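**Student:** Numbering (UniProt numbering), first residue to last: 171 to 357.
Beta carbons: idealized from backbone N, C-alpha and C, even for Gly.
Take a look at this one; I'll ask things after.
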Amino acid sequence: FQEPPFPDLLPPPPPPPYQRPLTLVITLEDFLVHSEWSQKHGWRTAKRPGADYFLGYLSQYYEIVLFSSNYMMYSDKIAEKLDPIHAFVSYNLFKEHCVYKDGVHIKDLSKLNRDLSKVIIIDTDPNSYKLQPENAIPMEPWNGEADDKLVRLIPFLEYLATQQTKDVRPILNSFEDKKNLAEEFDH
Ligand SMILES: [Mg+2]
């Protein structure tokens, strides 16, 4: 284990040519997986349609940080079905790494030791990015039904990485509602 200082959560990015143009921070529950209890089956957990492709494909443009909103043991339990694909994640973070202020657990992007102009967070609770909403792409919580909402995020995210932009924050502010970002991306 080689890791961060003072008291930044991530070690420094590798130098070019290995550095990715951008850092993508994503949450775990109600985004990649969904867990539920029924009488017929146990506690079962499901992986979203396209999760494997999503992580594998975007890893070529992004340093992918899986920042769970859950404590680590619970996170590990419901993330089990992500095992064969999990190696494409660069770093793992958990609720233990959030900051507590105003009765809210916040993923404070400034503690990531990353240039904030080069960082995107996708999450299902706006409080998780309460300190840096200008970096955020909101998603409504996944309830377990098959969809392709995940994969449809890719063309815009792929666009950002292959377009030399020196800041990602003014571009997200150029949408007048980020909840329809994927299709608003259609001219
Ligand atoms: Mg799948």
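Can you list the beta strand (DSSP E) stretches of 3 or more residues lying completely in the UniProt domain "FCP1 homology" (187 to 330), in chain order?
**Tutor:** For the UniProt domain "FCP1 homology" (187 to 330), whole beta strand (DSSP E) runs of length 3 or above, ordered along the chain, are 192 to 196, 203 to 207, 213 to 217, 232 to 237, 261 to 263, 269 to 271, 274 to 276, 289 to 293 and 306 to 308.
**Student:** Compare the Cα-Cα distances from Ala352 to each of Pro182, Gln333, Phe326 and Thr332 and report the closest residue.
**Tutor:** Ranking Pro182, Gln333, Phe326 and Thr332 by Cα distance to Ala352 puts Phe326 first.
**Student:** Which residues mark the beginning and the end of the alpha helix (DSSP H) in which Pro340 is found?
**Tutor:** Element bounds for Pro340: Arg339 to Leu342.
**Student:** Quick check on the burial criterion: 16 or more other C-beta atoms within 10 angstroms. Buried or exposed for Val195?
**Tutor:** Burial call: buried.
**Student:** Mapping DSSP to helix, strand and coil, what is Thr335?
**Tutor:** Three-state DSSP puts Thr335 in coil, outside helix and strand.
**Student:** Since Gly314 and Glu199 are thought to touch, with beta carbons under 8 Å apart, how far apart are those beta carbons, to the nearest angstrom?
**Tutor:** Going by Cβ atoms, the distance from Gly314 to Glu199 rounds to 11 Å, so no, they are not a contact pair.
**Student:** Measuring CB to CB, does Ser208 end up less than 7 Å from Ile234?
**Tutor:** No, the pair does not count as a contact, with Cβ atoms beyond the cut-off.
**Student:** Near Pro340, what residues of its chain come up, given a Cβ to Cβ distance below 8 Å and the 5 sequence neighbours on each side ignored?
**Tutor:** For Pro340, where only same-chain residues beyond five positions count, there are no Cβ hits under 8 Å.
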